[PDB]
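# So I pulled this structure from the PDB, and the sequence comes with it:
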Amino acid sequence: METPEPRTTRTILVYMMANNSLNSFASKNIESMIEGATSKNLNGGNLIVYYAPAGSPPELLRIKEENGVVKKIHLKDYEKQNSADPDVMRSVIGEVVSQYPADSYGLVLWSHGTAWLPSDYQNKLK
Amino acid sequence: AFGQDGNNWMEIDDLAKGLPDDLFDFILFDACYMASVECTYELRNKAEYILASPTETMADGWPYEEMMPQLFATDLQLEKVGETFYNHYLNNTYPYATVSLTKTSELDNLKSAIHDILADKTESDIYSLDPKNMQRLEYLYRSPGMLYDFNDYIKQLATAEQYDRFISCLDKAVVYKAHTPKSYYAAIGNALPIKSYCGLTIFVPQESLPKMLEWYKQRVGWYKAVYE
Amino acid sequence: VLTX
């Protein structure tokens, strides 16, 4: 069985859809997360990253200081999946909420954005 | 839309399906263009707060190192997190950033105020509006300009009393916002001045874009909420 | 420069 972590104050999931041209910046942003995610700064909370890069399958990561060093720990390696399918997003959120329960949850949605516009908006212009 | 994976995207109503209701205290969009009144409305039951940019954000993105202790604070104040983002892009070589924080519980009152302005207006009236009177906040590739400052659009259509009600509701919903003097748009390789700024964009329907309006009416909840 |  998988045993959930002890409940805490806050769990934040960063959901990074980087299977696109933003790849290199997702990695620099994860670097910056690592710099900030000290035991003192996380204040008891959980920082979980769903990282969906170009060229390789998605991975679930926990960023946590252990023995004085912030580690980027591999939790799960997924098989190829559509990270833009709502049911996949919901499933990942469910994995995270179940394993890292908290009084408060936050979500960072990281990717390209175009407001409400249809993704085929160019076809609806002329 | 939000989130590109190969050829596939999440349309805004699909994103709402991917999110549980009433779980997250906040959603932070590290993404262009997501501080859109339509998007915040679609996602109103998915978070108590939405922190996002109405325009484009440099690819370097949000300053996670500095944000981290604020994101995990006991006294979480997302205005602080947005201030950290904004202040990062100050005296910088690309000093271009816009941010707003929307309190989703106030969107229903805002919806009512907007409904009372827009529901009786004709499409010809909307199509007639002079774009020079409104701040454009979007320059996507191939776009003639679709997303404008929300306040500027409504100001063209409201009576003095309707407008006063709107601003009262808007200030309760947009509880924090900031913008640099200019915003940078990748599809033109230039930064353009922001003369008017409320923190959110809105679709301004145009006679030349009937397919866009058709999709908006059927797929974006805000349309039926305030135009009907 | 790239944007998001």
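Perfect, thanks for sending it. Residues are numbered from 1 along each chain as shown, chains lettered A, B, ... in the order given.
# What residues does chain B have near chain C?
With the criterion set to C-beta under 8 Å from any C-beta of the partner chain, chain B comes near chain C through B:30-32, B:56-59, B:61, B:94, B:184-186. From N, CA and C alone the C-beta is placed, and that goes for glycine too.
# Could you measure from the nearest residue to residue B:165 once chain neighbours are set aside over to chain C?
Nearest non-adjacent residue to residue B:165, counting by C-beta to C-beta, 6 or more residues apart in numbering or on different chains: residue B:113, 5.0 Å away. Counting by C-beta to the nearest C-beta, to the nearest Å, the gap from residue B:113 to chain C is 31 Å.
# Residue B:113 contacts residue B:162, doesn't it?
Yes: using C-beta atoms under 8 Å, residue B:113 is in contact with residue B:162, at 7.5 Å.
# Who has more neighbours out of these two?
For residue B:113 versus residue B:162, neighbours defined as other C-beta atoms under 10 Å in any protein chain shown are more numerous around residue B:113 (22 against 16).
# so what's the more buried one up against?
Applying C-beta atoms under 8 Å, 6 or more residues apart in numbering or on different chains to residue B:113 gives the contacts B:162, B:165-166, B:168-169.
# In which helix or strand does it reside?
Secondary-structure assignment from DSSP states H and E places residue B:113 in helix B:107-118.
# Identify each buried residue in that helix, please.
Neighbour counts using 16 or more other C-beta atoms under 10 Å in any protein chain shown place B:107, B:110-111, B:113-114, B:117-118 of helix B:107-118 among the buried residues.
# re earlier: using ChimeraX, define a selection of the buried residues within the contacts of residue B:113.
Selection of the buried residues among the contacts of residue B:113 in ChimeraX, burial being defined by 16+ other C-beta under 10 Å:
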select /B:162,165,166,169
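# Quick check: next helix or strand after the helix holding residue B:113?
Next element after helix B:107-118 (DSSP H and E): helix B:123-127.
# Point out the other helices and strands that the helix or strand following that following helix packs with.
Downstream of helix B:123-127, the first helix or strand assigned by DSSP H and E is strand B:147-149. When contacts are defined as 3 or more C-beta pairs under 8 Å, 6 or more residues apart in numbering or on different chains; DSSP states H and E, strand B:147-149 packs onto strand B:201-203.
# Please work out which residues outside the strand it packs on touch it.
Outside strand B:201-203, the residues that touch it by C-beta under 8 Å, 6+ apart are A:115-116, B:33, B:35-38, B:54, B:137-138, B:146-150, B:153-154, B:212, B:216, B:220.
# again with stretch B:90-98
Contacts for stretch B:90-98 (C-beta under 8 Å, 6+ apart): B:35, B:53-58, B:85-86, B:88-89, B:137, B:177-184, B:191, B:194, B:197, B:199, C:1.
# can you map out the strands along chain B?
Listed in chain order, the strands of chain B (DSSP state E) span B:2-5, B:8-10, B:24-30, B:47-52, B:98-103, B:147-149, B:174-179, B:182-185, B:190-193, B:201-203.
# now chain A
A:8-17, A:46-52, A:59-66, A:69-77, A:102-110.
# what's near enough to touch the residue most central in space within chain B?
With distances taken as C-alpha atoms, centre = their mean, residue B:36 lies nearest the centre of chain B, 2.1 Å away. By C-beta under 8 Å, 6+ apart, residue B:36 lies in contact with A:115-116, B:54, B:147, B:200-202.
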